[PDB]
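Heads up: the sequence lines are chains A, B, C, D, E, F, G and H, in that order. In terms of our numbering, the first sequence has 92 at position 112, counting the first letter as 1, and numbering is strictly consecutive. In terms of our numbering, the second sequence has 118 at position 138, counting the first letter as 1, and numbering is strictly consecutive. In terms of our numbering, the third sequence has 189 at position 209, counting the first letter as 1, and numbering is strictly consecutive. In terms of our numbering, the fourth sequence has 145 at position 165, counting the first letter as 1, and numbering is strictly consecutive. In terms of our numbering, the fifth sequence has 182 at position 202, counting the first letter as 1, and numbering is strictly consecutive. In terms of our numbering, the sixth sequence has 244 at position 123, counting the first letter as 1, and numbering is strictly consecutive. In terms of our numbering, the seventh sequence has 690 at position 216, counting the first letter as 1, and numbering is strictly consecutive. In terms of our numbering, the eighth sequence has 106 at position 85, counting the first letter as 1, and numbering is strictly consecutive. Below is one structure; the comments refer to it alone.
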Amino acid sequence: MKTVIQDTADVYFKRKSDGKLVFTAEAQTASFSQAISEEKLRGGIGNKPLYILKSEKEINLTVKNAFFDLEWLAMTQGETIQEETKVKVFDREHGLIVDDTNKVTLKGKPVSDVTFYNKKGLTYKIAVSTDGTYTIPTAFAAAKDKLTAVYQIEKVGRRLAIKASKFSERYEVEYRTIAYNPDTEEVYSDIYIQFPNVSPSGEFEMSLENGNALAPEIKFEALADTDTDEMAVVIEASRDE
Amino acid sequence: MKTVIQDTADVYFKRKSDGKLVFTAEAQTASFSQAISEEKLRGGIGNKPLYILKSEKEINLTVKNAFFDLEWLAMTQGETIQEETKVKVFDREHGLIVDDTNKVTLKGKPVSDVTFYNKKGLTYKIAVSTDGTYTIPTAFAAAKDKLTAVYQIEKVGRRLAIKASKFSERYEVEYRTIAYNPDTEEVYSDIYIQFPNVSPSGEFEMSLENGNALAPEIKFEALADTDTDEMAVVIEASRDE
Amino acid sequence: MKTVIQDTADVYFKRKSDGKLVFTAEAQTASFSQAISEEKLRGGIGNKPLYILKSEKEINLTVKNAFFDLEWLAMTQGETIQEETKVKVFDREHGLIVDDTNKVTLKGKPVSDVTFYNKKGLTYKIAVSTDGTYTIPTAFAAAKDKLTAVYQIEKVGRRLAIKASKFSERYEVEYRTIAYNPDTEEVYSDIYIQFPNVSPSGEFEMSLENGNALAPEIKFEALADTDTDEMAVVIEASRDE
Amino acid sequence: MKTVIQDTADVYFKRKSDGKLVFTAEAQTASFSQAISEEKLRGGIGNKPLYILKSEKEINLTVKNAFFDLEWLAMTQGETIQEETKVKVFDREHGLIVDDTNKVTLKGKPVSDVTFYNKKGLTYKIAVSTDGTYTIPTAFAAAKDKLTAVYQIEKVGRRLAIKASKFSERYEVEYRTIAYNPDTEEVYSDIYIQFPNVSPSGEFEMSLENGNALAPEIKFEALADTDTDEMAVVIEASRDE
Amino acid sequence: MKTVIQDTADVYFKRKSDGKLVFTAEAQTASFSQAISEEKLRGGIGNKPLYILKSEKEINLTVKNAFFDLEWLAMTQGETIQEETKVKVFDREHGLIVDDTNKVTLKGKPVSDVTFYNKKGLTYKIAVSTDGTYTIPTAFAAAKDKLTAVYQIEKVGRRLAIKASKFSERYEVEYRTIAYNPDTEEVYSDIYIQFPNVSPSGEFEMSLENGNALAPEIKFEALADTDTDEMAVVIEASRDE
Amino acid sequence: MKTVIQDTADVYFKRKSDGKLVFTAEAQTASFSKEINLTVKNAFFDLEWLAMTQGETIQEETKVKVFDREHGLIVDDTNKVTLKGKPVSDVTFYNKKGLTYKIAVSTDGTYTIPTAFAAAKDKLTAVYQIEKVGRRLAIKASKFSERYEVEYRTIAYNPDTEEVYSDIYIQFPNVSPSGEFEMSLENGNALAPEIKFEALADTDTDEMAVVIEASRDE
Amino acid sequence: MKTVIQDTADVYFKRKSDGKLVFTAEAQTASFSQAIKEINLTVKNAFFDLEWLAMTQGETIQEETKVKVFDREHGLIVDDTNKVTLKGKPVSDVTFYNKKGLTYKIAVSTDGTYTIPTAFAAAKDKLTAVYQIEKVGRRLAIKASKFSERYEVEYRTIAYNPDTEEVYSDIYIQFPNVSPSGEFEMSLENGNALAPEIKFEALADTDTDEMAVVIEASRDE
Amino acid sequence: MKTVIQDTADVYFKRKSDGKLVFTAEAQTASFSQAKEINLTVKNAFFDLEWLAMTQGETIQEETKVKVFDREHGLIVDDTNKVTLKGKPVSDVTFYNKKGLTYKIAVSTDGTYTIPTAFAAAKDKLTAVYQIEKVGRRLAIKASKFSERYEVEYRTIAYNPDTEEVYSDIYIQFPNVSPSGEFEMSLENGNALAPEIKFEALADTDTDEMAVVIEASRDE
């Protein structure tokens, strides 16, 4: 029976050496494409007419999200998110006290507190690299513009390194959506698409624009299962049985 | 004369194998394209183009309906839908309350490993329990907390398998549309386009978006007739004859 | 003097063999584009003379109309339009009611066999009966139910066959537009673009989607004249002379 | 000092053959782009990089105006416009009423073979008559009907020829723009960009859109000056002169 | 925990040779991309791949700011901004009136020839007259006419030079953006994306269009680090630690 | 009946003295050209291919001499540094200036580089020879008496339904290896060794090569 | 066994007479060929070094001497008195070129100023000048005969196992009694590395009569 | 110390009879081969007539009257079967129609000609070929003969692989060299010419040397 489809699909992943499913209920695009490549043999007086064919099939998958999760990053660059790692990053402060005192103070932790970037222009150009308790400026004052101290701070958190590692680990994917019977405006079927033995592709793009949701997008590529030569299965389950 | 077309086309497919005929009165897109390989002959001073070399005349067809029907996308992939088969699908349970004994109770019939998610984003990997009662570790969560569960269940439905196989089935296609008279606003002509000896080339594309119609797409490739070297005919019938 | 051009040119096509004139005063788009082959004479310190090698010139034309005419289809596939040709086209009938003796009445004039569909979806194929009344099996349909019928009828009209033979003939093409005086917005001059030796090209996309006009598009591509070594001429004729 | 740029540039062109100056104060787009590529040397067991070779460079320029003049077209071809040329163009007369004697009167001066169209789309092809009155067959149109005529006339104007063996001339370009202070909202600096030894690339597009404007494009590719090896210089002056 | 990102990032730089921490906190776009390519060896009867060889990664960075600085274009090049340089630029003076004795008064200080433009279009090349006035001929403009003058003049300001030179210096880029909790709205963690060895390459683009937001665009390519064999590190630092 | 030929040919080699069935499943080229010549170009590397062009057997479990380096050593302190290898012949320690110092180290190396030239900061790089086990082939100028028999196999496809239809066997009795050989190692590209043979007429049936088209459906 | 070769071969040299190993690093091309019996060797390195050219040619690389080279001065403006100065130290006749392409040849002047005839160029005109210059540096010479040295050569390569992707074999090729030939090609193309070429001819030894040996080893040994 | 070379030479040639420096080239290839014979081959990317007259002999003659072909394409015949030309011919006029035929006529007092009625009708198009006079340089390729010798200079720059600066300048000097007779001038479609010059290097008549290789330094 003909049905209509008017919504996206819940996406489920699974790793084919363990479990560790990564479910997703907030999704915006679940795309599944198929293409066939053809090589041809030609010859003749009238034209090159086509004689015989050679063929091969490919299946591609694409998932676009609405939230940001670091586990989606770990799929395309297969490694482990190392928890409780101490890391080294930057920080800033923009003006604390008056500029003409021959003594200024800072707060919280210094590590080579350099590039003081004072005044409306020019940096420190000195890079005092001194971490006592209160750092003393020098030379002229050029008072009442800013301080603009740039730090270097050590904190703790997760990590994920990107290296040329040649990930060799497979996945199983499932898409689930609903279909509507266009006579009573009730649901009729659950449409599932199952991909066994898929592989994560290396194509990626992450852009943080001015104002918008990030919307992470990942891509895959489906290969044939070794035992049963299948690539994707479409299933139309009914809700009366 | 110069007519106006402001509507889609009704399509008809007839299988030349046994007898079948399938039509549409609700299509959303009917398209017909032609591609020809053209190169140039280049000559003397300035590399002037003089003659054009043409070959490889191909014709492609594109049909996009407004409903989802499993019999229609089984044409572009040569197989048979196995009705009334059992399969394994994914299932998710939300809103579970844990008592003071670190005990949780599930409802349903899991068949695979059970994965639990907490409110922070951590994973638990318990196996199946006989009586549907699980003991969450104390560090994972405490009393009066909420957890969600993911598992697998079994269902009965239809099943289509996408493989790497040769279809080799042929059809005859007909498009019909209407064309108005621009200076009288009455229907003037009926335009028919006929394709004999077409084949179902595989370039399937399926995209499920966030709150949008699906409009499934099927593509075909038209091949020359072996009796009158035709690939498509165009007919315009006037209602005044 | 500088002017402002805000309009679409009227187009004129003339076949170079006989002199058939096909024009359009209803165009939406008319453009032409140029391309060239560029390379460098370079290499580093030794090849310090860097020079731009320019060779090969390409000129392409595209015209998009707003009405539909079959002469544009006949131009790109060199073939005369057959007129008053008897052909066979599909025709369907909706909403037929089964009587007591399981006999339905068809008011059409079929040529091929008749196919009957019911409301749940099946198919009954029967041969033609002279009186126009067909018996119906008891299992397929019941009394006072609804059915539909599909057959083929005979109609007359124009025809045009798309064969696997490349087109012929060359066309002279002309674009005409007008330009405006900037300071006092009056008409200043007429601008003509002429192409004396131009061949058609096969790039067709006849998409008939619901709710949208057709807007046919035709593509030409230019070759050098054998006497004047020209491809296009641009003429600016003032309206006061 | 950080600035804010919000206008286009004034563009100055100079020809390095005679000393012409072509300037534009109504520009709509002025852009320049860069591109660099490098090669690396590798060897040994494991093709580890051992050296970084010289990096090459290329610069492209694009200019888009808001007016139209034949000089911008003469620049990209290198062919001089020819004043007072006698050309043959097309013309069309509408709404011609036949008399009871099957004769029409033409108010123009037809030169080529005249073409007549009627309200059904039929064509008649009749040579030029001396007295301006023609004879129309009774099968074409009856008395008191409407016909349209297409023919050719002679006109006078200016001529530009786009040949296949003329790519010429070398130029020198300058861009000027302004830059604002982001604190006091006053104009702070004047920015000049100088390109010596440029060559006009052949990339032309004239799109006569429905409505809209023309906005011609002109494209250049930059070379290196022989005396001082420079390709483009950027000068940031200030309002302190 | 899954979060939401809706803002751009800070793009701290730091050269390795000498510490010059270059700052920007008013960015408009910060993007990071990765691509993977691979090669294979073919074999016997079936042209199946035998073993893998030559798989590579490549990471690209793109930064788009909102302000404009000349120390942001000196990063792509390898030259230096030379202060206090005397340069030659064009200048234009509109609306000069020719007096009764065919002379025009000049208010500027040319250092080259003066070009005069009339109201239809023409040229006149005269040399610098030390008196300050110029004698326009009789056939150019008679009296009470408006002319335009174009010179070359002198100015002092900063002067960059875009050459074909060696780009060597490598940088350490770092991004920072904050993420929000979907359930209750406050920041949950900070996201850092530290590239550890980057090399100036790719391209540049300065598009001066008649709206606003020049938005200078810069790109980089990230190469593998020597000591740790890393390319990019993604860090999520929670605000509760 | 007409058929299409697509793929390579598996090559089988067999000596006429006693013969070992050295075979190939992955080859890139199998050509064939009164005289008949044969060329076989592989995709892997096995030492037996170059054991046929030269008449001399492989000698397993030999004892040979080879060079080895240890680049990346810096003097710890005082005067010199010690190795970690097991050298057989003398050692050649030298670095940074393109000049050498030759010595035969008993247990450790100790000598000064003109005081301020290299004392504890300028690292030295050394090279020597060691002892190793493995295989061996010697390319002499004798023992050129051997005969071989080769066979090519490929498949043919039906031009109307596209399944396999027949097998093509090209058999060459009494072939002999010829004297051209070239192994070139370059960066980033595979080896693909090439083996050349020349056919000759058999002394019994006067035949040089036989083409066999064996149908699948019989 | 079925192994795959993917890269080049490390090259080692030895001199028969005294013993001096000049090679410890990477290479670009290593090859040896058999033709009817003759064996030839080809080695292409990645860096140019004059010690390699001292092997293919029989001549000691001459050290610091006085040599005559060429120098070119680009851009000279003719003054009012047609007297052009030079920033160099010409030794022989100085040559001048104009924009059209004519040539002038004038003997050196100790004052440093050269007069320009009116037929060539006027004042404020651009000219180019070339002259001879002496210099200091190394030197090598190519003579006619007397190639009188012999060498020992060794190539080493790593061979991979296609099933598990770990290194399996360390192949070596040893060449005793090899002599440098008279073949030498040196192409200074545009925008590419030179990759200098050294060619060798192999001959049989006396004690073992082995023209060249090929050795295959393993990693479990 | 090991270097890297990435660029071409700055080849100079000088003669011995008079010794004119007519070679200051920006070449694309400058290669030297040895087999005891030594060969040189140099490819520039430009065109100079003085590059020739070196492989050949003789000299470039100046301001000599010549005779070359010229075509006028697209002549329209009037109603009275007359065709009018524009240029000035001196040998003959040959006419071609659009059907593949040929017609001939000699020079007349005026450009007006009388086309035969069987050739073409009125309002047709023809093309014409004839000969005109021009003045310019002229090089003659005679048979055999040789009277010239030369000296050759190749200059390139080396690089330090670790510092990326110029370390040494490599000079290759060729004493007495004689021009060869090998030449290939192919004018393909949409490609540069890149003329080729080959030589033959002999031993020095005094110092008994063929080629000299010199490595200068920037640490002088």
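No residue lacks a Cβ here, since even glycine has one placed at the ideal position from N, Cα and C.
Where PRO29(E) falls, given that 16 or more other Cβ within 10 Å makes a residue buried: Taking the first residue of the fifth sequence as 1, we reach residue 29(E) at position 49. Looking at its Cβ environment, which holds fewer than 16 other Cβ atoms inside 10 Å, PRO29(E) is exposed.
Continuous beta strand (DSSP E) assignments of at least 3 residues falling wholly in the segment -4 to 73 of chain E: 7 to 20 and 32 to 45
6 Å Cβ shell around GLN77(H) - same chain, five flanking residues per side excluded: The residue given as residue 77(H) occupies position 56 in the eighth sequence. Residues of the same chain with a CB within less than 6 Å of the CB of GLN77(H), apart from the 5 flanking positions on each side, are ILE162 in chain order.
is_contact[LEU33(E), chain G] using C-beta, thresh 8 Å: For the purposes of this step, residue 33(E) is taken as the residue at position 53 of the fifth sequence. Chain G contact via Cβ: present.
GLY101(E) - DSSP class collapsed to helix/strand/coil: Counting from one through the fifth sequence, the residue named residue 101(E) turns up at place 121. Residue state, collapsed to three classes: coil.
Supposed close pair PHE649(G), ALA603(G) - CB separation, criterion 8 Å: On the seventh sequence, position 175 is the one that residue 649(G) refers to. On the seventh sequence, position 129 is the one that residue 603(G) refers to. Your pair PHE649(G) and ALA603(G) does not check out as a contact, with CB atoms roughly 52 Å apart and the cut at 8 Å.
Cβ-Cβ separation, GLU675(G) to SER643(G) (assumed contact under 8 Å), whole Å: Looking up residue 643(G) in the seventh sequence gives position 169. Looking up residue 675(G) in the seventh sequence gives position 201. That pair is no contact at about 28 Å.
Chain B contact for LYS146(C) (CB, 8 Å cutoff): Within the third sequence, the letter at position 166 stands for residue 146(C). Interface residue, yes.
Entirely enclosed beta strand (DSSP E) segments - the segment 549 to 605 of chain G, minimum 3 residues: 557 to 559, 568 to 571, 577 to 580 and 587 to 589
Own chain, CB closer than 8 Å to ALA159(D), minus 5 neighbours either side, in chain order: By 1-based counting over the fourth sequence, the position of residue 159(D) is 179. Excluding positions up to five away in sequence, the list reads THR(-17), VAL(-16), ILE(-15), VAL167, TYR168, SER169, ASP170, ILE171 and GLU216.
Collapsed DSSP secondary structure at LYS23(H) in the structure displayed: Your numbering for residue 23(H) matches position 2 in the eighth sequence. DSSP places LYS23(H) in coil when its eight states are reduced to three.
Selected residue, minimal CA-CA separation from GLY137(D), among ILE198(D), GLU64(D), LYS100(D) and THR115(D): One-based indexing of the fourth sequence puts residue 137(D) at position 157. Ranking the options by Cα distance to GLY137(D), first place goes to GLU64(D).
With 16 other Cβ atoms within 10 Å as the buried cut-off, status of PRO162(A): Sequence index remark: in the first sequence, residue 162(A) carries index 182 (1-based). When all chains shown are included, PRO162(A) counts as exposed.
Min CB distance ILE25(B) to chain D below 8 Å: The residue you call residue 25(B) lines up with position 45 of the second sequence. Cβ-Cβ to chain D under 8 Å: yes for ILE25(B).
Chain G contact for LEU21(D) (CB, 8 Å cutoff): On the fourth sequence, position 41 is the one that residue 21(D) refers to. So yes, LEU21(D) belongs to the interface.
Cβ-Cβ distance between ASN45(D) and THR4(D) below 8 Å: Along the fourth sequence, one-based indexing puts residue 45(D) at 65. Along the fourth sequence, one-based indexing puts residue 4(D) at 24. For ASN45(D) and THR4(D), yes; Cβs fall inside 8 Å.
Under the three-state DSSP convention, the category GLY182(D) falls into: As a working note, residue 182(D) is residue 202 in the fourth sequence. DSSP places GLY182(D) outside both helix and strand once states are collapsed to three, so it counts as coil.
CA nearest to the CA of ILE251(F), picked from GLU267(F), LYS218(F), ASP323(F) and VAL209(F): Numbered from 1 along the sixth sequence, position 130 holds the residue referred to as residue 251(F). Checking every option, the nearest Cα to that of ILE251(F) belongs to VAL209(F).
Interfacial residues, the segment 125 to 151 of chain A to chain E, with Cβ spacing under 8 Å: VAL130, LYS135, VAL136, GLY137, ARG138, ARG139, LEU140, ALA141, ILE142, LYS143, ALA144 and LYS146
Straight-line Cα distance separating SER17(E) from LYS37(E): On the fifth sequence, residue 37(E) is found 57 positions in, with the first residue counted as 1. On the fifth sequence, residue 17(E) is found 37 positions in, with the first residue counted as 1. Between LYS37(E) and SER17(E), the alpha-carbon positions lie close to 7 Å from each other.
Proximity of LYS199(D) and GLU183(D) at Cβ, strictly below 8 Å: Counting from one through the fourth sequence, the residue named residue 199(D) turns up at place 219. Counting from one through the fourth sequence, the residue named residue 183(D) turns up at place 203. Result yes, Cβ atoms of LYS199(D) and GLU183(D) sit closer than 8 Å.
Between the CA atoms of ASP209(A) and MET(-19)(E) - distance to the nearest angstrom: Against the fifth sequence, residue -19(E) aligns to sequence position 1. Against the first sequence, residue 209(A) aligns to sequence position 229. Looking at the two C-alpha atoms, the distance is approximately 38 Å.
Same chain only: Cβ atoms within 6 Å of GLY112(B), ignoring 5 sequence neighbours per side: Locating residue 112(B) in the second sequence gives position 132, counting from the first residue. For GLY112(B), where only same-chain residues beyond five positions count, the Cβ hits under 6 Å are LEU86.
Assigned secondary structure, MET211(A) (DSSP; H/G/I helix, E/B strand, else coil): Here the question's residue 211(A) lines up with position 231 in the first sequence. DSSP places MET211(A) in coil when its eight states are reduced to three.
Minimum C-alpha distance to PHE147(C) - residue among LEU33(C), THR9(C), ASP(-2)(C) and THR60(C): Indexing the third sequence from 1 puts residue 147(C) at position 167. Closest option to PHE147(C), Cα to Cα, is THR60(C).
Strand pairing of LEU662(G), partner residues [DSSP]: If you number the seventh sequence from 1, residue 662(G) lands on position 188. According to DSSP, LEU662(G) bridges with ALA51(H).
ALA667(G), enclosing beta strand (DSSP E) - first and last residue: On the seventh sequence, position 193 is the one that residue 667(G) refers to. Note, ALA667(G): premise wrong, no beta strand (DSSP E); not H, not E.
Residue range of the beta strand (DSSP E) that includes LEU140(A): As a first step, residue 140(A) must be located in the first sequence, where it is residue number 160. 140 to 142 is the span of the beta strand (DSSP E), which, as asked, contains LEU140(A).
Sub-8 Å separation of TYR151(C) and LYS(-6)(C) beta-carbons: Residue numbering aside, residue 151(C) sits at position 171 when the third sequence is read from its first letter. Residue numbering aside, residue -6(C) sits at position 14 when the third sequence is read from its first letter. It is a contact, given that the beta carbons lie within the stated cut-off.
8 Å Cβ cutoff, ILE(-15)(C) in contact with chain D: Along the third sequence, read from residue 1 onward, the residue named residue -15(C) stands at position 5. By this cut-off, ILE(-15)(C) is an interface position.
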